[PDB]
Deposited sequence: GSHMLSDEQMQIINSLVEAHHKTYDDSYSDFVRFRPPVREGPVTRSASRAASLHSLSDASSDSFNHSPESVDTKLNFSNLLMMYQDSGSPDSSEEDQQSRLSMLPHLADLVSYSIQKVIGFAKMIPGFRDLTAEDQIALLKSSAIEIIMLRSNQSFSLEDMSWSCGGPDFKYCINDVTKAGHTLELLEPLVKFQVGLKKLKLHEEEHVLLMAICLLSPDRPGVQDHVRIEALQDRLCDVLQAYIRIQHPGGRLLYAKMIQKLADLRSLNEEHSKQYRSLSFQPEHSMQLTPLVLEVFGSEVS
């Protein structure tokens, strides 16, 4: 049985996701329009910036992340944001389309659109495989949500200070994820290992993205298209 606190942790983490995820994608109509050189970098940088904002609102509703010192909350978001975006993007991603489908065809980002935002296939190959490998895992929303809060609260991120407190949080979440898949996911004796594997998958997608981010940001004619928030979160600040 799931305890009373671990069930509130589930209810509260799902609430957080439902507040910061818009299944209508209606706020997309206010990004810089896409183009299909880097015709897609402005609309896509807007999408990343939009996402970063939603990731911060998720994190602030995670139990006890609000309680962590502001330095810790920055360092966690600074190093985990791109993983949590890649993680949340699965919701729009479609196995059939092999593309994130965010409304109409104007927000159907296939693989070509992404190469036209400065990113090479060395990031795009592992990312599409991540998306379908996570998709095919047919996760319950209570596991997708939980996995996100777990990737966030990792102490093994550069420049965190109270390892023992954010580890105390993440473990408590890992406990909730494992008991959920046992008690609640019919067939998931293998699943919690599958999910924890996606976490290691992420960190390697993070490495490639943040390496290809340096390529774009060292070109001022490209960094010109980014947004104040992107430049702040993916910047190398301390």
For this chain, which runs of the deposited sequence have no C-alpha coordinates, given in order from the N-terminus?
-> 1-3, 40-99, 302
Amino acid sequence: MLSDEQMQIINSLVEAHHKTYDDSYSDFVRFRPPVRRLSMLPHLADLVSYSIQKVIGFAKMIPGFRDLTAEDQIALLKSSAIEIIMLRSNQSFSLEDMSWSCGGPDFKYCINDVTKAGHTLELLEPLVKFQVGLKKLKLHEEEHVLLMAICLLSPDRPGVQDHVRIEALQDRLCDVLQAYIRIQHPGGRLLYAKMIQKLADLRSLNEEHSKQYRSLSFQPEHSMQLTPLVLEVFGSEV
From here on, numbers count along this sequence of modelled residues.
Determine, for stretches 162-170 and 139-147, which one has the higher mean CA B-factor as deposited.
-> 162-170
Would 39-47 or 61-69 have the larger average of its C-alpha temperature factors, as given in the entry?
-> 61-69
Going by the entry, which third of its chain does the Cα temperature factor of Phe28 land in?
-> highest
Comparing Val132 with the other modelled residues of its chain, is its CA B-factor in the lowest, middle or highest third?
-> middle
Against its chain's modelled residues, does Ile196's Cα B factor rank lowest, middle or highest third?
-> middle
Lowest, middle or highest third: where is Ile74 by C-alpha B factor in its chain?
-> lowest
Which third, lowest, middle or highest, does the CA B-factor of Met98 fall in along this chain?
-> highest
